[PDB]
């Protein structure tokens, strides 16, 4: 269902990473499969060639944590006016304190050891319930 429209109309975009994370751009291809693209270090930008109606989202390349692009989940390149590129401001969401806590705990404890942690069962599930693109694609649909 969620897939890029095969418009064939070029659209230039600036991917601008105003997050402190390494950014993984993900293009949803014509059959809805996520295609990973080269990464952007923190604070960097790239002028890229995409197309009108194509779908993109952005993640942390290491952890797959979700990121926002122009304040939302999905970015769809639009028509270029006066030959100016479309800006895609990639930023950190305001994570819930819980989700932030989970990120930091995931970054310190190998997935083998989550069960050794002295916490309630549902938090162990929350830790193992990694941010995952496939899961988010189902939701958005």
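Definition used throughout: the rigid core is the maximal C-alpha set that superposes within 1.5 Å between two forms. Residue numbers count along the first chain shown, from 1.
*Asks:* Could you check whether 12 to 20 or 114 to 122 drifts more from the shown form in 9 other deposited structures of this protein, using RMS Cα distance once the core is superposed?
*Replies:* Greater root mean square C-alpha distance in 9 other deposited structures of this protein: 114 to 122.
*Asks:* Comparing 52 to 60 with 109 to 117, which has the greater mean CA B-factor as deposited?
*Replies:* According to the entry, 109 to 117 carries the higher average C-alpha B-factor.
*Asks:* Tell me which stretch has the larger mean Cα B-factor in this entry, 130 to 138 or 3 to 11.
*Replies:* Mean B over CA atoms: larger for 130 to 138.
*Asks:* When you compare the CA B-factors of 65, 99, 33, 82 as listed in the entry, which one comes out on top?
*Replies:* Max CA B-factor in the entry, restricted to 65, 99, 33, 82: 82.
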